C-alpha cells in the first residue's frame, strides 16, 4: 500500500531508511499484525510514517499525548518509544483484541507504563473529557474516518496552544482524486469524509496546517488560538 509513484519507490524508502532504524519490537508488532490479520494489516501506520512521527514528537518536546484509534499499536508503540521517560499517552480504541496483538511487543520494549489504553468509542471519552480539562501536546487521529471532523472539534479543545493534531488517511489510498467514479456507499464511508476533512482543516483559522504525502496522507495541524 502506497500513495507514491511506484511500489518499488515505497519499498526503497523502507529498505534504505526506515527498516534499518526501526526498533526490534516495532518490527515484531508489524509481523504479528500481518500474521493475525493478513492483508488487513494495511490499516496500520507504515514504518516511514512511524519514523517521521517519532522525530516530530522529539522536536516538539512532547510529553503527554492522545491517540484516537490504536489497532494493533504500531503508532502507539512508536509514540511511547519516542516520548521521554516520563511520557504518558491516552489511547482509545473499541478493539481491545487488536491492542492485545501489539501489547507483548509494547511490554518487551519496556514502555507499557507510558500507555493508558481505553477500550471505548472515542466520542464518549472525548465528550467526558470536555464535560480541570486534560491537555495534550500531540493528538493522533487514525480511526473511523466519518467522524474525523467531529474529532477535530473536540481535539482542538484538548490540544494545547502550540500543540499538534495529526490526521492519518488524508490522502486515503490516493483515491481522493480519481478518473473513475466511486459508488455512493463506499464514497460516503471513505473518500467523502476525507475530502470534507481536508476542506475543513484548510478553512479553520484556529490552526496552521501542513498536508504531508507520507503514508496514507498525514495532515499536521498546529493550534494557534
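Numbering follows the first chain given and starts at 1.
- Using what the record says, work out whether there is a hole in the model between residue 131 and residue 132 and how many deposited residues it spans (none, 1 to 3, 4 to 9, 10 or more). Going from residue 131 to residue 132, the model skips 4 to 9 residues of the deposited sequence.
- Query: Per the PDB record, is the mean Cα temperature factor higher over 37-45 or over 51-59?
  - Reply: The deposited B-factors put 37-45 ahead on the C-alpha mean.
- Look over 206-214 and 5-13 in the entry and identify the one with the greater average Cα temperature factor. It is 5-13.
- Item | Selection by C-alpha B-factor (highest) of 101, 92, 76, 140 | Of the options given, 101 has the highest CA B-factor in the PDB entry.
- Query: Based on what the PDB entry reports, which of 183, 197, 164, 156 has the top C-alpha B-factor?
  - Reply: Most elevated C-alpha B-factor of the set, per the entry: 183.
- Item | residue 178, C-alpha B-factor rank within chain (lowest, middle or highest third) | Highest third of the chain for residue 178's C-alpha B-factor.
- Item | Among modelled residues of the same chain, the CA temperature factor third for residue 150 | Middle third - that is where residue 150 ends up once the chain's C-alpha B-factors are sorted.
- Message: Ranking every modelled residue in this chain by its Cα temperature factor as given in the entry, which third contains residue 225?
- Response: Answer is highest: the recorded C-alpha B-factor places it there.
- Should residue 114 be placed in the lowest, middle or highest third of its chain by the C-alpha B factor in the entry? It belongs to the lowest third of the chain when residues are ordered by C-alpha B-factor.
- Item | residue 29 CA temperature factor, ranked by third within the chain | Middle third.
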